Amino acid sequence: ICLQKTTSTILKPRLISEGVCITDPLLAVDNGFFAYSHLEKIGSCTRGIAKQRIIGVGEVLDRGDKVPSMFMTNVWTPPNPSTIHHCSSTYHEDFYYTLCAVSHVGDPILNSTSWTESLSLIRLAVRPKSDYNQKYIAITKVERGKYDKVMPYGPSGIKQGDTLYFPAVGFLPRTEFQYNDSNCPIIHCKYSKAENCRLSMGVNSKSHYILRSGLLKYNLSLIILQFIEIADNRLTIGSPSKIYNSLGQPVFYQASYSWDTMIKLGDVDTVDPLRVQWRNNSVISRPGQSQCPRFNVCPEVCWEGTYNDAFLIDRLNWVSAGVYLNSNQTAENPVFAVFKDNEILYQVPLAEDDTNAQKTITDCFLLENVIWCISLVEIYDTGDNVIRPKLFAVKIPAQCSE
Amino acid sequence: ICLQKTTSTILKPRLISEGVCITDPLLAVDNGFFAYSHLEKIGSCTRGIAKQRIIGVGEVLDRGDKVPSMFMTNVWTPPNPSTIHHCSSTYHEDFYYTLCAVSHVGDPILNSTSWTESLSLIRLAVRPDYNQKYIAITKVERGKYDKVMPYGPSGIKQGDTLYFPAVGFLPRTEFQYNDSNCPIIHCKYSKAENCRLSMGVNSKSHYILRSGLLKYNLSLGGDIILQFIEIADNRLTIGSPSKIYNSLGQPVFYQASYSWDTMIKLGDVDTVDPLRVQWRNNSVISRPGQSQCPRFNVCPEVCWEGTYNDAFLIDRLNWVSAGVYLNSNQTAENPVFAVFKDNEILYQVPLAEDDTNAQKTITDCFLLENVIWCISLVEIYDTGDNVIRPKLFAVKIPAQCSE
Ligand SMILES: *[C@@H]1O[C@H](CO)[C@@H](O[C@@H]2O[C@H](CO)[C@@H](O)[C@H](O)[C@H]2NC(C)=O)[C@H](O)[C@H]1NC(C)=O
Ligand SMILES: *[C@@H]1O[C@H](CO)[C@@H](O)[C@H](O)[C@H]1NC(C)=O
Ligand SMILES: *[C@@H]1O[C@H](CO)[C@@H](O)[C@H](O)[C@H]1NC(C)=O
Ligand SMILES: *[C@@H]1O[C@H](CO)[C@@H](O)[C@H](O)[C@H]1NC(C)=O
Ligand SMILES: *[C@@H]1O[C@H](CO)[C@@H](O)[C@H](O)[C@H]1NC(C)=O
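Residues numbered from 1 in each chain as written, not as in the entry; some residues may be left out. Chains lettered and ligands numbered in written order. Heavy atoms only, no water. Residues with missing side-chain atoms left out of burial classes, pairs and counts.

X-ray crystallography is the method the PDB entry states for this structure, with the resolution given as 3.30 Å.

S.K.: Please clarify how the overall build of chain A should be interpreted in this entry.
M.R.: Helix and strand counts for chain A come out as one helix and 26 strands. Radius of gyration (C-alpha) of chain A: 20 Å, near the 21 Å computed for a compact globule of 402 residues. C-alpha extents for chain A along the principal axes are approximately 60 × 55 × 45 Å. (Helix = DSSP H or I, 4+ residues; strand = E, 2+ residues; numbered from the N terminus. Rg over C-alpha atoms; globule rule 2.2 N^0.38 Å.)

S.K.: Before we go on, may I ask you to explain the packing of aromatic side chains in this structure?
M.R.: To describe a pair of aromatic rings, you give the distance between the ring centres and the angle between the ring planes. Taken as a whole and assessed by the stated rule, the structure comprises 27 aromatic pairs over all chains. Between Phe-253 of chain B and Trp-279 of chain B the ring centres are 6.0 Å apart and the planes differ by 90 degrees, which places this aromatic pair in the edge-to-face class. You can see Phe-253 of chain B sitting in strand β16 (residues 250-255) and its partner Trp-279 of chain B sitting in strand β18 (residues 276-279), a full 26 residues away along the chain. Pair check on accessibility: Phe-253 of chain B and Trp-279 of chain B agree, each one buried. In textbook terms, an aromatic cluster arises when at least three aromatic residues are bridged by ring pairs, as seen for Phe-33, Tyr-91 and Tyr-96 of chain A. Its guanidinium or amino end placed over the ring of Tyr-245 of chain B, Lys-243 of chain B lies 5.5 Å from that ring's centre, counting from NZ or CZ. The ring of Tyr-308 of chain B is capped by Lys-360 of chain B, whose NZ or CZ atom sits 5.1 Å from the centre of that ring. (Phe/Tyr/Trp six-rings, centres within 6.5 Å; stacked < 30°, edge-to-face > 60°. Buried < 20%, exposed > 50% of the residue type's maximum accessible area, 1.4 Å probe, protein only. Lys NZ or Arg CZ within 6 Å of the ring centre and 35° of its normal.)

S.K.: How should I be thinking about the pairing of β18 of chain B in this particular structure?
M.R.: Strand residues, when the strand is regular, have side chains that alternate between the two faces of the sheet. Residue and element names in this part refer to chain B. Residues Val-277 and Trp-279 line the buried face of β18, whereas the alternating positions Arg-276 and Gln-278 sit on a face that is not buried. Looking at chain direction, strand β17 (residues 265-271) and β18 are connected through four bridges and run antiparallel. Each bridged residue has a counterpart across the sheet, and for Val-269 the counterpart in β18 is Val-277. The antiparallel hairpin formed by β17 and β18 contains four residues in its connecting segment. (Pairing = 2+ DSSP bridges.)

S.K.: I would appreciate a short explanation of the sheet that holds strand β23 (residues 343-349) of chain A in the present structure.
M.R.: Within a sheet, each strand pairs with its neighbour through backbone hydrogen bonds, oriented either parallel or antiparallel. All names here are of chain A. Strand order in the open sheet formed by four strands is β20-β21-β22-β23, and the pairing between neighbours is antiparallel. Each edge of the open sheet carries a strand with a single partner, namely β20 (310-314) and β23. Here the strands of the sheet are splayed against their neighbours by 25 degrees on average, with no regard to which way each runs. With three bridges connecting them, β20 and strand β21 (residues 319-325) associate as antiparallel partners. Paired with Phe-311 across the bridge in β21 is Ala-321. (Axes fitted to C-alpha atoms, helices over the stretch in contact; angles between N-to-C directions.)

S.K.: Would you mind showing me how to read the sheet that holds strand β6 (residues 84-92) of chain B here?
M.R.: All names here are of chain B. With antiparallel pairing, the four strands of this open sheet are ordered in space as β6-β7-β8-β9. The open sheet is flanked by β6 and β9 (132-137), the only strands paired with a single partner. Strand-to-strand twist of the sheet, defined as the mean angle between neighbouring strand axes without regard to direction, takes the value 20 degrees. For β6 and strand β7 (residues 95-102), the ladder comprises seven bridges, and the chain directions are antiparallel.

S.K.: What am I meant to see in the pattern of salt bridges here?
M.R.: A side chain with one charge can pair with a side chain of the opposite charge if their charged atoms come near. Evaluation of the coordinates by the stated rule reveals 34 salt bridges over all chains. Between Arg-212 of chain A and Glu-229 of chain A there is a salt bridge, with its nearest N and O atoms 2.9 Å apart. What makes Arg-212 of chain A buried here is its relative accessible area of 13%. Ionic pairing is found between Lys-242 of chain A and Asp-309 of chain A, a salt bridge with its closest N-O pair at 2.5 Å. Here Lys-242 of chain A is found in strand β16 (residues 241-246), whereas its partner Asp-309 of chain A is found in the loop between β19 (275-278) and β20, with 67 residues between them in sequence. The network of salt bridges with shared partners includes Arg-14, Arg-63 and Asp-65 of chain A together with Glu-59 and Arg-127 of chain B. (Salt bridge = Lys/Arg side-chain N within 4 Å of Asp/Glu carboxyl O.)

S.K.: Explain the domain arrangement of chain B here, please?
M.R.: Many descriptions give the size of an interface as the accessible area lost when the pieces come together. All names here are of chain B. Annotation of chain B at the domain level lists domain 1 (1-17 + 337-403), domain 2 (21-138) and domain 3 (154-308). Distance from the C-alpha centre of domain 1 to the C-alpha centre of domain 3: 25 Å. Regarding the contact of domain 1 and domain 3, the summed buried area is about 930 Å², with carbon and sulfur atoms giving 49% of it. For the pair domain 1 and domain 3, the interface holds two salt bridges. Between domain 1 and domain 3 we count seven residue pairs in polar contact in total. Taken together, the elements giving at least two residues each to the side of domain 1 that touches domain 3 come down to β21 (335-341), β22 (344-350) and β23 (358-368). If one sorts the elements of the side of domain 1 that touches domain 3 by residue count, β23 sits on top with six residues. (Domains from an automatic or database assignment. Buried area = accessible area lost by both parts, 1.4 Å probe. Polar contact = N/O pair within 3.5 Å; in protein donor to acceptor, adjacent residues only side chain to side chain.)

S.K.: Where do I start with the state of the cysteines in this structure?
M.R.: Residues and elements named next belong to chain A. Under the defined criterion, the tally for this structure stands at 14 disulfides over all chains. Here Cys-87 is linked by a disulfide to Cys-100, with a sulfur-sulfur distance of 2.1 Å. Disulfide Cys-87 to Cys-100: torsion about the S-S bond roughly 110 degrees, handedness right-handed. On the criterion of sequence distance, the pair formed by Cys-87 in strand β6 (residues 84-92) and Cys-100 in strand β7 (residues 95-102) is long-range, its members being 13 residues apart. Across the pair, exposure class does not vary: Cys-87 and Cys-100 are buried alike. (Disulfide = S-S within 2.5 Å.)

Put into structure tokens, the structure is as follows:
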């Protein structure tokens, strides 16, 4: 692995795959296998009617070209696509377990007061055999502490033994939320007031719940899910997030849907309860809107941002890789970057300038002992009004050659 | 490759993956890629209405287990599955092209008087209009023949010229046959004219069937054309589902034995225009049959009956070939993978239990990591259930004749 800053486009991404939009996408990659999901909506990606959800699993293989390829092996379609939301998948023992939420009022985040917190599970098999292939589970027993209702809320989690750990969130009513507004860091911020951080824990300032991210534990040995909650350090609103394991040490990514826009990732120290030692990263941020744009550090009352995760290639030098959007206040300019917290080593755009691309999921691995990365980017066609997930594969160079 | 007869099951097959039946299956395998097709019928496989027809291509790959696997990459469903019939596929330059017949009166073979000849082509890209192109073929040159049609699972390429297995429907009023050539030398009960009446479906069928090729040339890309090629008189047998394929750089032909000549019909093609095959005088491998033409029959009788059970030439110098055959004189059952010679079965392995019923078998072989592997589509039945499902067995051909 190259560890040297250069402006050379040594990276070469290779794309590897009527009136509708393909949205709410999922990507997990583990030990040769992968899981993906999306929602086919007819019309507006934010408000369109649902056409069909799919969840699939498959294998990650190379051909003679020693380039990874997606090969779907197992696919499930729910008989109603209007009801499945916020799927998260973790891989254990030749099976991929996709934990979804069920709703009759739409997205549990936006009509959150009204949602009876129904969960479920879909286990699909990475290699099908002619219920091994496909099992559904209506989860009924959930342990969530003070939280009024919990929910998975991220693309992928991890296994530890027979215990899965999905990225999840808890909706704690803000009457019971414990926060000293003295801790809200407005020391250098002329504009910031004290209570923003607390009002920044929900969708509205007058949202009824706050959101706190964490994990959902599922111990296969024993079936019951246990909500775990994220540590106070660097506390921001419950957001789509992802736990994954690199080099045998687990790492957490939280998307930055509120004022703290610099990227939130770092090694998890403990998993019960969830403590992450966040990186002091000063180069990778997120595109916001008018109120909380890229690189903002001052506590304001906003909910806005896009999930653009990254993945840790080298621990000792902490080199990491992800697709980020190089736009302040807009979803334009997708870019694949390999970076260090105070420095960006090298990059390559993945589109043209006005290209709009809202979300990016990124998992990396060894293909024949070469470090490759698969990135899902929610790119739009130039005419637009359609979001189509596009999968780029990118080899991480070992030399810093020409 | 082993070349020593043994009763040892050194062969080890590995299966490699609402109210319906999966019938009329297709398999082609070429240079790492594969084509498959089937018809999903609701109910009786013979008389059932059809739900879906899938024409797919994909890649044949191994994982860490060094075993081949199917990986679908491109799939097409026609908007009406009641109208598509007898597809055959050939692979050229990153495109797999499948040639189908179109009918509004059902299977052209069984209602040939009422069938207008309509032909269509589907090209699928094996690594995705590049992905999927349809063509309604309008220009066909068929010589004396009243109507032609593809009739087999796969054919071969030569340059930009594809060669699909096909059949021609020549009305028997224009068929020229000296019944003196009908070989009844040793055959007590066998009359002279059977061979002639044996060239159709009925004795009183209005057409006969003659197998051959359809030639499509890419080089002359303008417009659409298709030229029927008939087959050499030697070992003439009714036009039947057949397959041309290339092994070791020489093309080989397999014709199914749907009439009295029940011993297997295969061998190297000498020429391609017009179609001459030097058939093997093969004495160990025959085809299950109904009462009139039981397996191992060699006497000319008036029958039309048999199952397509092809073989593949693993080794030309010793003519070692591999195929699945049905071990049943008068029933379709007892599917058994065999590797065999002209006058000797070398070694075998059953692929199911004794009553297991398996109507059809397609067999293509290749090198996976420089080892001789074979894929066999076997159209088997799920135990008690009537419905048929195609099952794909992968079988490694041993080089040593070990334990
Ligand atoms: C397929 O079509 C081409 C037509 O271009 C045939 O070969 C060419 O024929 C044209 C004249 O029709 C010549 O200009 C070229 O020199 C020919 N190229 C050759 C012979 O290589 C081609 O032979 C046809 N294939 C078959 C099997 O008939
Ligand atoms: C899962 O349950 C078994 C059953 O007693 C237990 O031994 C194991 O520790 C559990 N896994 C955990 C708690 O992570
Ligand atoms: C985005 O915001 C930061 C901080 O306010 C600023 O440095 C940067 O220049 C802004 N974007 C552009 C395009 O100038
Ligand atoms: C043959 O075609 C005729 C006339 O179109 C039709 O009535 C009959 O059902 C067909 N026979 C079949 C499909 O066996
Ligand atoms: C099938 O027929 C041949 C010769 O007509 C005979 O040798 C063979 O034994 C028959 N099969 C059975 C099961 O008897």
